[PDB]
>>> print(open('model.json').read())   # JSON, C-alpha atoms and all ligand atoms
[["chain", "number", "residue", "atom", "x", "y", "z"],
["U", 218, "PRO", "CA", 0.00, 0.00, 0.00],
["U", 219, "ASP", "CA", 1.31, 3.45, -1.05],
["U", 220, "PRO", "CA", 0.43, 6.06, 1.69],
["U", 221, "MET", "CA", 1.34, 8.75, -0.94],
["U", 222, "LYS", "CA", -1.33, 7.28, -3.32],
["U", 223, "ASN", "CA", -4.13, 5.75, -1.12],
["U", 224, "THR", "CA", -6.90, 8.40, -1.31],
["U", 225, "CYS", "CA", -9.48, 8.94, -4.06],
["U", 226, "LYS", "CA", -10.18, 12.74, -4.00],
["U", 227, "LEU", "CA", -13.82, 13.65, -4.75],
["U", 228, "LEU", "CA", -15.66, 16.51, -6.40],
["U", 229, "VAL", "CA", -18.96, 16.55, -4.51],
["U", 230, "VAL", "CA", -21.87, 18.34, -6.11],
["U", 231, "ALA", "CA", -25.07, 19.29, -4.23],
["U", 232, "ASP", "CA", -27.81, 20.28, -6.70],
["U", 233, "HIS", "CA", -30.54, 22.94, -5.99],
["U", 234, "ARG", "CA", -32.91, 20.16, -4.74],
["U", 235, "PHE", "CA", -30.37, 18.87, -2.22],
["U", 236, "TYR", "CA", -29.60, 22.51, -1.12],
["U", 237, "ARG", "CA", -33.32, 23.38, -0.66],
["U", 238, "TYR", "CA", -34.45, 20.15, 0.99],
["U", 239, "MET", "CA", -31.45, 18.78, 2.84],
["U", 240, "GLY", "CA", -29.48, 21.98, 3.40],
["U", 241, "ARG", "CA", -32.67, 24.03, 4.21],
["U", 242, "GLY", "CA", -31.42, 26.83, 1.90],
["U", 243, "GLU", "CA", -28.12, 27.05, 3.89],
["U", 244, "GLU", "CA", -24.58, 26.35, 2.65],
["U", 245, "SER", "CA", -23.19, 25.41, 6.10],
["U", 246, "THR", "CA", -26.02, 22.87, 6.65],
["U", 247, "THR", "CA", -25.45, 21.51, 3.08],
["U", 248, "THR", "CA", -21.63, 21.17, 3.43],
["U", 249, "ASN", "CA", -21.67, 19.81, 7.01],
["U", 250, "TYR", "CA", -24.07, 17.02, 5.97],
["U", 251, "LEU", "CA", -21.82, 16.04, 3.03],
["U", 252, "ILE", "CA", -18.51, 16.39, 4.96],
["U", 253, "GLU", "CA", -19.79, 14.09, 7.75],
["U", 254, "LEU", "CA", -21.33, 11.58, 5.30],
["U", 255, "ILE", "CA", -18.10, 11.18, 3.26],
["U", 256, "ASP", "CA", -16.05, 10.83, 6.49],
["U", 257, "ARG", "CA", -18.31, 8.00, 7.74],
["U", 258, "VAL", "CA", -18.19, 6.31, 4.28],
["U", 259, "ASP", "CA", -14.39, 6.84, 4.37],
["U", 260, "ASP", "CA", -14.25, 4.86, 7.68],
["U", 261, "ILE", "CA", -15.80, 1.85, 5.93],
["U", 262, "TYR", "CA", -13.33, 2.04, 3.05],
["U", 263, "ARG", "CA", -10.20, 2.83, 5.10],
["U", 264, "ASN", "CA", -10.89, -0.12, 7.48],
["U", 265, "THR", "CA", -11.43, -2.64, 4.61],
["U", 266, "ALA", "CA", -8.54, -5.07, 3.95],
["U", 267, "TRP", "CA", -9.04, -5.76, 0.19],
["U", 268, "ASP", "CA", -6.75, -8.85, 0.28],
["U", 269, "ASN", "CA", -7.96, -9.90, 3.83],
["U", 270, "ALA", "CA", -4.44, -9.12, 5.13],
["U", 271, "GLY", "CA", -2.57, -5.78, 5.07],
["U", 272, "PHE", "CA", -3.93, -4.13, 1.93],
["U", 273, "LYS", "CA", -5.98, -1.48, 3.78],
["U", 274, "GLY", "CA", -6.08, 2.25, 4.43],
["U", 275, "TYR", "CA", -7.57, 3.01, 0.99],
["U", 276, "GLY", "CA", -10.28, 5.64, 1.16],
["U", 277, "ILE", "CA", -11.91, 8.83, -0.01],
["U", 278, "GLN", "CA", -11.71, 12.57, 0.71],
["U", 279, "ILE", "CA", -13.59, 15.59, -0.57],
["U", 280, "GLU", "CA", -11.41, 17.89, -2.74],
["U", 281, "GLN", "CA", -14.24, 20.34, -3.46],
["U", 282, "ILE", "CA", -17.98, 20.77, -2.75],
["U", 283, "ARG", "CA", -19.93, 22.65, -5.42],
["U", 284, "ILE", "CA", -23.23, 23.96, -4.05],
["U", 285, "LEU", "CA", -25.88, 24.82, -6.65],
["U", 286, "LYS", "CA", -28.22, 27.15, -4.76],
["U", 287, "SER", "CA", -30.73, 27.62, -7.58],
["U", 288, "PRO", "CA", -31.92, 25.67, -10.71],
["U", 289, "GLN", "CA", -29.85, 25.90, -13.89],
["U", 290, "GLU", "CA", -31.74, 28.03, -16.41],
["U", 291, "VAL", "CA", -32.05, 26.25, -19.78],
["U", 292, "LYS", "CA", -33.07, 27.26, -23.36],
["U", 293, "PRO", "CA", -36.21, 25.43, -24.72],
["U", 294, "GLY", "CA", -35.18, 21.86, -25.52],
["U", 295, "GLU", "CA", -31.80, 22.22, -23.72],
["U", 296, "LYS", "CA", -31.13, 20.01, -20.63],
["U", 297, "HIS", "CA", -28.82, 20.22, -17.57],
["U", 298, "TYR", "CA", -28.58, 17.97, -14.47],
["U", 299, "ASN", "CA", -29.38, 21.02, -12.29],
["U", 300, "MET", "CA", -32.39, 22.31, -14.30],
["U", 301, "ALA", "CA", -35.73, 22.86, -12.42],
["U", 302, "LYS", "CA", -37.72, 20.21, -14.30],
["U", 303, "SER", "CA", -37.25, 16.44, -14.18],
["U", 304, "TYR", "CA", -36.31, 14.72, -17.48],
["U", 305, "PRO", "CA", -37.77, 12.99, -19.56],
["U", 306, "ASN", "CA", -41.09, 13.40, -17.66],
["U", 307, "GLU", "CA", -41.47, 16.90, -16.18],
["U", 308, "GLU", "CA", -44.67, 15.73, -14.36],
["U", 309, "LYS", "CA", -42.63, 13.27, -12.21],
["U", 310, "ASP", "CA", -40.69, 14.32, -9.04],
["U", 311, "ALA", "CA", -37.53, 12.72, -10.47],
["U", 312, "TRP", "CA", -35.46, 12.20, -13.61],
["U", 313, "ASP", "CA", -35.01, 8.73, -15.11],
["U", 314, "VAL", "CA", -31.90, 7.77, -12.97],
["U", 315, "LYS", "CA", -29.79, 6.51, -15.92],
["U", 316, "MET", "CA", -30.41, 9.71, -17.96],
["U", 317, "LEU", "CA", -29.62, 11.87, -14.89],
["U", 318, "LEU", "CA", -26.20, 10.20, -14.40],
["U", 319, "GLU", "CA", -25.39, 10.59, -18.14],
["U", 320, "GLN", "CA", -26.42, 14.26, -17.98],
["U", 321, "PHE", "CA", -24.40, 14.96, -14.82],
["U", 322, "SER", "CA", -21.29, 13.29, -16.41],
["U", 323, "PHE", "CA", -21.81, 15.40, -19.56],
["U", 324, "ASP", "CA", -22.17, 18.71, -17.72],
["U", 325, "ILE", "CA", -19.31, 18.05, -15.28],
["U", 326, "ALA", "CA", -16.84, 16.61, -17.88],
["U", 327, "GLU", "CA", -14.11, 19.33, -17.60],
["U", 328, "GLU", "CA", -14.12, 19.19, -13.77],
["U", 329, "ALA", "CA", -14.37, 15.35, -13.73],
["U", 330, "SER", "CA", -11.16, 14.96, -15.81],
["U", 331, "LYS", "CA", -9.20, 16.54, -12.89],
["U", 332, "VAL", "CA", -10.53, 14.27, -10.03],
["U", 333, "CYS", "CA", -10.62, 10.63, -9.08],
["U", 334, "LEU", "CA", -14.48, 10.75, -8.76],
["U", 335, "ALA", "CA", -17.34, 13.17, -9.11],
["U", 336, "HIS", "CA", -20.50, 12.41, -7.11],
["U", 337, "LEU", "CA", -23.83, 14.18, -7.30],
["U", 338, "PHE", "CA", -26.06, 14.52, -4.25],
["U", 339, "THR", "CA", -29.69, 15.17, -5.06],
["U", 340, "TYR", "CA", -33.13, 15.01, -3.47],
["U", 341, "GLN", "CA", -35.62, 13.42, -5.84],
["U", 342, "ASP", "CA", -37.89, 10.40, -5.64],
["U", 343, "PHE", "CA", -36.62, 7.88, -8.22],
["U", 344, "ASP", "CA", -39.31, 5.52, -9.42],
["U", 345, "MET", "CA", -39.48, 2.08, -7.72],
["U", 346, "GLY", "CA", -37.27, 2.77, -4.70],
["U", 347, "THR", "CA", -34.01, 3.50, -6.57],
["U", 348, "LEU", "CA", -31.59, 5.44, -4.36],
["U", 349, "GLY", "CA", -28.52, 5.86, -6.57],
["U", 350, "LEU", "CA", -26.48, 4.92, -9.64],
["U", 351, "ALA", "CA", -22.79, 4.70, -10.57],
["U", 352, "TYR", "CA", -20.47, 3.71, -13.43],
["U", 353, "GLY", "CA", -18.19, 0.75, -12.85],
["U", 354, "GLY", "CA", -19.03, -2.69, -11.49],
["U", 355, "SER", "CA", -21.85, -3.31, -13.99],
["U", 356, "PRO", "CA", -22.13, -6.81, -15.66],
["U", 359, "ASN", "CA", -20.00, -3.38, -22.74],
["U", 360, "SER", "CA", -20.24, -1.15, -19.57],
["U", 361, "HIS", "CA", -17.17, 0.78, -18.18],
["U", 362, "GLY", "CA", -16.25, 3.51, -15.65],
["U", 363, "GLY", "CA", -15.50, 4.15, -11.99],
["U", 364, "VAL", "CA", -12.38, 5.48, -10.19],
["U", 365, "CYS", "CA", -9.97, 7.61, -12.36],
["U", 366, "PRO", "CA", -11.45, 9.53, -15.32],
["U", 367, "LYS", "CA", -11.97, 7.28, -18.36],
["U", 368, "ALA", "CA", -13.05, 9.08, -21.52],
["U", 369, "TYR", "CA", -16.16, 8.06, -23.47],
["U", 370, "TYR", "CA", -16.91, 9.82, -26.73],
["U", 371, "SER", "CA", -20.56, 10.79, -26.61],
["U", 372, "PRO", "CA", -21.91, 10.60, -30.23],
["U", 373, "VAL", "CA", -24.92, 12.65, -28.98],
["U", 374, "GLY", "CA", -22.81, 15.05, -26.90],
["U", 375, "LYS", "CA", -20.09, 15.38, -29.63],
["U", 376, "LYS", "CA", -17.35, 15.43, -26.97],
["U", 377, "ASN", "CA", -15.59, 13.20, -24.47],
["U", 378, "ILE", "CA", -17.34, 12.66, -21.12],
["U", 379, "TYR", "CA", -15.76, 10.80, -18.16],
["U", 380, "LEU", "CA", -17.22, 7.72, -16.49],
["U", 381, "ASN", "CA", -15.77, 8.49, -13.00],
["U", 382, "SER", "CA", -19.19, 9.43, -11.62],
["U", 383, "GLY", "CA", -22.07, 8.42, -9.43],
["U", 384, "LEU", "CA", -25.08, 9.87, -7.69],
["U", 385, "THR", "CA", -27.01, 9.55, -4.40],
["U", 386, "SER", "CA", -30.56, 10.72, -3.66],
["U", 387, "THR", "CA", -31.59, 11.26, -0.02],
["U", 388, "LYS", "CA", -35.31, 11.13, -0.92],
["U", 389, "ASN", "CA", -37.31, 7.91, -1.22],
["U", 390, "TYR", "CA", -41.08, 7.26, -1.10],
["U", 391, "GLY", "CA", -41.88, 10.88, -0.26],
["U", 392, "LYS", "CA", -39.49, 11.22, 2.70],
["U", 393, "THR", "CA", -35.89, 12.05, 3.59],
["U", 394, "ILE", "CA", -34.01, 8.81, 4.18],
["U", 395, "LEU", "CA", -32.24, 8.28, 7.56],
["U", 396, "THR", "CA", -28.57, 9.33, 7.68],
["U", 397, "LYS", "CA", -27.67, 5.61, 8.39],
["U", 398, "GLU", "CA", -29.47, 4.79, 5.11],
["U", 399, "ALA", "CA", -27.80, 7.64, 3.10],
["U", 400, "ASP", "CA", -24.35, 6.50, 4.26],
["U", 401, "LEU", "CA", -25.03, 3.11, 2.75],
["U", 402, "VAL", "CA", -26.33, 4.47, -0.58],
["U", 403, "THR", "CA", -23.10, 6.46, -1.09],
["U", 404, "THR", "CA", -21.02, 3.45, 0.11],
["U", 405, "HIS", "CA", -22.82, 1.18, -2.43],
["U", 406, "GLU", "CA", -22.47, 3.69, -5.35],
["U", 407, "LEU", "CA", -18.75, 4.35, -4.59],
["U", 408, "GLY", "CA", -18.51, 0.54, -4.28],
["U", 409, "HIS", "CA", -19.56, 0.19, -7.93],
["U", 410, "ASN", "CA", -17.04, 3.03, -8.72],
["U", 411, "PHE", "CA", -14.30, 1.04, -6.95],
["U", 412, "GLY", "CA", -15.24, -1.94, -9.12],
["U", 413, "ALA", "CA", -17.74, -4.06, -7.19],
["U", 414, "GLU", "CA", -20.77, -5.70, -8.79],
["U", 415, "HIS", "CA", -23.86, -6.69, -6.77],
["U", 416, "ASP", "CA", -23.64, -9.57, -4.30],
["U", 417, "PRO", "CA", -25.41, -12.69, -5.63],
["U", 418, "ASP", "CA", -27.94, -14.83, -3.68],
["U", 419, "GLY", "CA", -26.12, -17.89, -5.09],
["U", 420, "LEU", "CA", -23.02, -17.23, -2.91],
["U", 421, "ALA", "CA", -24.15, -17.48, 0.77],
["U", 422, "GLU", "CA", -20.70, -16.17, 1.95],
["U", 423, "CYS", "CA", -21.52, -12.91, 0.06],
["U", 424, "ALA", "CA", -25.25, -12.81, 0.87],
["U", 425, "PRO", "CA", -25.76, -14.14, 4.46],
["U", 426, "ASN", "CA", -29.14, -14.66, 6.17],
["U", 427, "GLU", "CA", -30.48, -12.19, 8.81],
["U", 428, "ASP", "CA", -29.30, -14.37, 11.76],
["U", 429, "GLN", "CA", -25.78, -14.47, 10.22],
["U", 430, "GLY", "CA", -25.24, -10.66, 10.18],
["U", 431, "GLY", "CA", -27.49, -9.85, 7.22],
["U", 432, "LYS", "CA", -26.47, -8.63, 3.78],
["U", 433, "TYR", "CA", -23.27, -6.75, 2.78],
["U", 434, "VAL", "CA", -23.29, -3.20, 1.29],
["U", 435, "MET", "CA", -23.24, -4.40, -2.39],
["U", 436, "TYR", "CA", -26.50, -6.39, -2.03],
["U", 437, "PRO", "CA", -28.97, -5.12, -4.74],
["U", 438, "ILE", "CA", -31.83, -4.54, -2.23],
["U", 439, "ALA", "CA", -31.18, -1.50, 0.06],
["U", 440, "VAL", "CA", -29.72, -2.07, 3.54],
["U", 441, "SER", "CA", -30.70, 0.08, 6.57],
["U", 442, "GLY", "CA", -27.50, -0.27, 8.68],
["U", 443, "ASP", "CA", -29.31, -2.22, 11.51],
["U", 444, "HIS", "CA", -27.63, -5.58, 10.66],
["U", 445, "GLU", "CA", -23.94, -6.31, 11.31],
["U", 446, "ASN", "CA", -22.82, -6.87, 7.70],
["U", 447, "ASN", "CA", -24.71, -3.86, 6.28],
["U", 448, "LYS", "CA", -21.75, -1.45, 6.72],
["U", 449, "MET", "CA", -19.18, -3.91, 5.31],
["U", 450, "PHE", "CA", -17.99, -5.20, 1.92],
["U", 451, "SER", "CA", -18.54, -8.92, 1.17],
["U", 452, "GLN", "CA", -15.59, -11.10, 0.16],
["U", 453, "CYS", "CA", -17.07, -10.89, -3.43],
["U", 454, "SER", "CA", -16.81, -7.09, -3.37],
["U", 455, "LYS", "CA", -13.26, -7.37, -1.92],
["U", 456, "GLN", "CA", -12.10, -9.79, -4.67],
["U", 457, "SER", "CA", -13.52, -7.49, -7.46],
["U", 458, "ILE", "CA", -12.17, -4.24, -5.99],
["U", 459, "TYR", "CA", -8.74, -5.80, -5.29],
["U", 460, "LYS", "CA", -8.30, -6.78, -9.00],
["U", 461, "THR", "CA", -7.76, -3.11, -9.94],
["U", 462, "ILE", "CA", -7.49, -1.06, -6.70],
["U", 463, "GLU", "CA", -3.62, -0.89, -6.78],
["U", 464, "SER", "CA", -3.44, -0.10, -10.56],
["U", 465, "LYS", "CA", -6.13, 2.64, -10.15],
["U", 466, "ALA", "CA", -4.38, 3.97, -7.01],
["U", 467, "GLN", "CA", -1.18, 4.44, -9.04],
["U", 468, "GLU", "CA", -3.25, 6.11, -11.80],
["U", 469, "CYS", "CA", -5.21, 8.80, -9.86],
["U", 470, "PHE", "CA", -5.11, 8.36, -6.07],
["U", 471, "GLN", "CA", -3.39, 10.98, -3.85],
["U", 472, "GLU", "CA", -2.01, 11.26, -0.29],
["U", 473, "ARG", "CA", -4.59, 11.57, 2.52],
["U", 474, "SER", "CA", -4.77, 15.36, 3.31],
["U", 501, "LIG", "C1", -28.41, 1.45, -1.78],
["U", 501, "LIG", "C2", -29.12, 0.49, -2.74],
["U", 501, "LIG", "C3", -28.54, -0.89, -2.48],
["U", 501, "LIG", "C4", -28.87, 1.08, -4.18],
["U", 501, "LIG", "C5", -29.83, 0.37, -5.14],
["U", 501, "LIG", "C6", -29.63, 0.91, -6.57],
["U", 501, "LIG", "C7", -28.43, 0.40, -7.13],
["U", 501, "LIG", "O1", -28.16, -0.80, -7.11],
["U", 501, "LIG", "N1", -27.71, 1.42, -7.60],
["U", 501, "LIG", "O2", -26.38, 1.05, -7.46],
["U", 501, "LIG", "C8", -31.35, 0.64, -4.95],
["U", 501, "LIG", "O3", -31.76, 1.78, -5.04],
["U", 501, "LIG", "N2", -32.15, -0.47, -4.74],
["U", 501, "LIG", "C9", -33.60, -0.38, -4.58],
["U", 501, "LIG", "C10", -33.98, -0.72, -3.12],
["U", 501, "LIG", "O4", -33.57, -1.74, -2.54],
["U", 501, "LIG", "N3", -34.79, 0.23, -2.54],
["U", 501, "LIG", "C11", -35.29, 0.13, -1.17],
["U", 501, "LIG", "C12", -35.01, 1.41, -0.37],
["U", 501, "LIG", "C13", -36.79, 0.06, -1.44],
["U", 501, "LIG", "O5", -37.33, 1.05, -1.88],
["U", 501, "LIG", "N4", -37.46, -1.14, -1.15],
["U", 501, "LIG", "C14", -38.91, -1.25, -1.39],
["U", 501, "LIG", "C15", -39.41, -2.66, -1.69],
["U", 501, "LIG", "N5", -40.16, -2.66, -2.96],
["U", 501, "LIG", "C16", -34.32, -1.24, -5.69],
["U", 501, "LIG", "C17", -33.99, -0.66, -7.13],
["U", 501, "LIG", "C18", -33.89, -2.75, -5.60],
["U", 501, "LIG", "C19", -35.83, -1.15, -5.46],
["U", 502, "ZN", "ZN", -25.99, -1.05, -7.28]]
>>> encode(input="model.json", output="structure tokens")
Amino acid sequence: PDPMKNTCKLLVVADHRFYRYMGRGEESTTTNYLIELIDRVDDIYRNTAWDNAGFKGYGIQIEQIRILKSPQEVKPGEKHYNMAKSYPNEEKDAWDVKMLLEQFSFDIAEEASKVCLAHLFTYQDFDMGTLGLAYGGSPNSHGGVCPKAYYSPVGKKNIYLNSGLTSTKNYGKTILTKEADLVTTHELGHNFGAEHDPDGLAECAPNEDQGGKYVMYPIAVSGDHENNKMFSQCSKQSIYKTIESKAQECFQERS
């Protein structure tokens, strides 16, 4: 482990919805929430031994927090991840999650090329209980830690796949902080290279009396069970395949 290259620096973006609903129209409330959330997620990462031995101390730190206090004004037909209306259905509280991540990655491309990861924090009720999305760890899909260019034929420019998003709204209410911590952990988990834990591998998907599920389980975990705030051995194997190579590529020293 390289202590000079063990931290994935993050650009954290809070959109106007997150600012209004979670930050109560205040920057200090917005930033404190995000600073504490990343630090608790960092504790999970930093304490994980990816090889089940001494390969630990790998984590995350915020480089910058961008706070979008108001919606992004758009020209008719033009779209932006921070616009007032949801896309593609303006009548719905939320965007289609996949289109929102693509849009965020498009709009943040220049900034994203200079950071290990960009993560959007929003407050919108994604259809069917979805809480987040991220590139990487998907079973021709690519992305995750360290900017990787993708030429957008629609966008007509390179976008970077080092992105993810978390919503703190679900089924018409703010999720608990213990729940939000796990969304971000899961999404950054995909960014670090983990896929979802399968039911077919009991070691990676234990029963409730055996500590419950691990953070990469596809059905959301409310941190009440022992395993909820940990990575399965499946997640560790997947992340460990590339963690060191990615660390050499874009990770920095813990500030
Ligand atoms: C933190 C969780 C693990 C993230 C995943 C989404 C995901 O895998 N993105 O990486 C999620 O939102 N899962 C939902 C989920 O488990 N939501 C819970 C909160 C829920 O709404 N359950 C309601 C039962 N119908 C799905 C899409 C499975 C409904
Ligand atoms: Zn997932």
>>> closest_residue(input="model.json", among="U:297, U:409, U:473, U:432", to="ligand ZN 502 (chain U)", atoms="only C-alpha atoms and all ligand atoms")
U:409
>>> residues_near_ligand(input="model.json", ligand="ligand LIG 501 (chain U)", cutoff="8 Å", atoms="all atoms listed in the file", output="number ranges by chain")
U: 345-351, 389-390, 398-399, 401-406, 409, 415, 434-440
>>> atom_distance(input="model.json", atom1="CA of residue 382 (chain U)", atom2="CA of residue 269 (chain U)")
27.2 Å
>>> residues_near_point(input="model.json", point="(-17.2, 11.0, -21.1)", cutoff="12 Å", atoms="all atoms listed in the file", output="PyMOL selection string")
chain U and resi 318-330+352+361-363+365-382
>>> closest_residue(input="model.json", among="U:418, U:281, U:383, U:454", to="residue 332 (chain U)", atoms="all atoms listed in the file")
U:281
>>> residues_around(input="model.json", residues="residue 248 (chain U)", least_positions_apart="6", cutoff="10 Å", atoms="all atoms listed in the file", output="PDB file with C-alpha atoms, in the frame of the given file")
ATOM      1  CA  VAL U 229     -18.960  16.550  -4.510  1.00  0.00           C
ATOM      2  CA  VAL U 230     -21.870  18.340  -6.110  1.00  0.00           C
ATOM      3  CA  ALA U 231     -25.070  19.290  -4.230  1.00  0.00           C
ATOM      4  CA  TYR U 236     -29.600  22.510  -1.120  1.00  0.00           C
ATOM      5  CA  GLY U 240     -29.480  21.980   3.400  1.00  0.00           C
ATOM      6  CA  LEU U 254     -21.330  11.580   5.300  1.00  0.00           C
ATOM      7  CA  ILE U 282     -17.980  20.770  -2.750  1.00  0.00           C
ATOM      8  CA  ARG U 283     -19.930  22.650  -5.420  1.00  0.00           C
ATOM      9  CA  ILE U 284     -23.230  23.960  -4.050  1.00  0.00           C
TER      10      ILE U 284
END
>>> closest_residue(input="model.json", among="U:429, U:461, U:341, U:474", to="residue 239 (chain U)", atoms="all atoms listed in the file")
U:341
>>> closest_residue(input="model.json", among="U:251, U:442, U:426, U:234", to="residue 302 (chain U)", atoms="all atoms listed in the file")
U:234
>>> axis_aligned_box(input="model.json", around="region 400-411 of chain U", padding_each_side="5 Å", output="JSON")
{"center_x": -20.3, "center_y": 3.3, "center_z": -2.2, "size_x": 22.0, "size_y": 16.3, "size_z": 23.0}
>>> atom_distance(input="model.json", atom1="CA of residue 466 (chain U)", atom2="CA of residue 315 (chain U)")
27.0 Å
>>> build_atoms(input="model.json", residues="region 349-373 of chain U", atoms="N, CA and C atoms", output="mmCIF file, in the frame of the given file")
data_model
loop_
_atom_site.group_PDB
_atom_site.id
_atom_site.type_symbol
_atom_site.label_atom_id
_atom_site.label_comp_id
_atom_site.auth_asym_id
_atom_site.auth_seq_id
_atom_site.Cartn_x
_atom_site.Cartn_y
_atom_site.Cartn_z
ATOM 1 N N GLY U 349 -29.725 5.367 -5.914
ATOM 2 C CA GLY U 349 -28.520 5.860 -6.570
ATOM 3 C C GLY U 349 -28.130 5.086 -7.804
ATOM 4 N N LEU U 350 -27.036 5.528 -8.430
ATOM 5 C CA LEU U 350 -26.480 4.920 -9.640
ATOM 6 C C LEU U 350 -25.028 5.282 -9.768
ATOM 7 N N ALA U 351 -24.208 4.386 -10.363
ATOM 8 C CA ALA U 351 -22.790 4.700 -10.570
ATOM 9 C C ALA U 351 -22.234 3.924 -11.753
ATOM 10 N N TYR U 352 -21.162 4.447 -12.373
ATOM 11 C CA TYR U 352 -20.470 3.710 -13.430
ATOM 12 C C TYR U 352 -19.421 2.870 -12.760
ATOM 13 N N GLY U 353 -19.139 1.725 -13.367
ATOM 14 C CA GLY U 353 -18.190 0.750 -12.850
ATOM 15 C C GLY U 353 -18.981 -0.363 -12.207
ATOM 16 N N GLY U 354 -18.390 -1.537 -12.117
ATOM 17 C CA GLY U 354 -19.030 -2.690 -11.490
ATOM 18 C C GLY U 354 -20.402 -3.063 -12.016
ATOM 19 N N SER U 355 -20.619 -2.905 -13.324
ATOM 20 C CA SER U 355 -21.850 -3.310 -13.990
ATOM 21 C C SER U 355 -21.555 -4.573 -14.853
ATOM 22 N N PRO U 356 -22.421 -5.617 -14.847
ATOM 23 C CA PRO U 356 -22.130 -6.810 -15.660
ATOM 24 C C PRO U 356 -22.710 -6.756 -17.075
ATOM 25 N N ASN U 359 -21.055 -4.282 -22.281
ATOM 26 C CA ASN U 359 -20.000 -3.380 -22.740
ATOM 27 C C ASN U 359 -19.829 -2.130 -21.849
ATOM 28 N N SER U 360 -20.289 -2.226 -20.580
ATOM 29 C CA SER U 360 -20.240 -1.150 -19.570
ATOM 30 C C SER U 360 -18.822 -0.922 -19.020
ATOM 31 N N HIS U 361 -18.484 0.357 -18.715
ATOM 32 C CA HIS U 361 -17.170 0.780 -18.180
ATOM 33 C C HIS U 361 -17.347 1.955 -17.201
ATOM 34 N N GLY U 362 -16.253 2.364 -16.558
ATOM 35 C CA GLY U 362 -16.250 3.510 -15.650
ATOM 36 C C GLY U 362 -15.791 3.233 -14.236
ATOM 37 N N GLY U 363 -15.893 4.253 -13.394
ATOM 38 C CA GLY U 363 -15.500 4.150 -11.990
ATOM 39 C C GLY U 363 -14.302 5.018 -11.688
ATOM 40 N N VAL U 364 -13.531 4.673 -10.625
ATOM 41 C CA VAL U 364 -12.380 5.480 -10.190
ATOM 42 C C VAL U 364 -11.419 5.803 -11.344
ATOM 43 N N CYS U 365 -10.916 7.052 -11.381
ATOM 44 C CA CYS U 365 -9.970 7.610 -12.360
ATOM 45 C C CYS U 365 -10.684 7.925 -13.664
ATOM 46 N N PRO U 366 -10.674 9.191 -14.119
ATOM 47 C CA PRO U 366 -11.450 9.530 -15.320
ATOM 48 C C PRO U 366 -11.080 8.683 -16.531
ATOM 49 N N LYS U 367 -12.103 8.092 -17.150
ATOM 50 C CA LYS U 367 -11.970 7.280 -18.360
ATOM 51 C C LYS U 367 -12.904 7.964 -19.369
ATOM 52 N N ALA U 368 -12.323 8.397 -20.482
ATOM 53 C CA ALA U 368 -13.050 9.080 -21.520
ATOM 54 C C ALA U 368 -14.044 8.154 -22.243
ATOM 55 N N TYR U 369 -15.161 8.729 -22.655
ATOM 56 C CA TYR U 369 -16.160 8.060 -23.470
ATOM 57 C C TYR U 369 -16.588 9.113 -24.453
ATOM 58 N N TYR U 370 -16.460 8.838 -25.756
ATOM 59 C CA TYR U 370 -16.910 9.820 -26.730
ATOM 60 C C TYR U 370 -18.399 9.670 -26.884
ATOM 61 N N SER U 371 -19.110 10.738 -26.544
ATOM 62 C CA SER U 371 -20.560 10.790 -26.610
ATOM 63 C C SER U 371 -20.967 11.171 -28.036
ATOM 64 N N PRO U 372 -21.506 10.236 -28.857
ATOM 65 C CA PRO U 372 -21.910 10.600 -30.230
ATOM 66 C C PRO U 372 -22.999 11.678 -30.249
ATOM 67 N N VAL U 373 -23.847 11.680 -29.204
ATOM 68 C CA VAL U 373 -24.920 12.650 -28.980
ATOM 69 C C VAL U 373 -24.337 13.976 -28.474
#
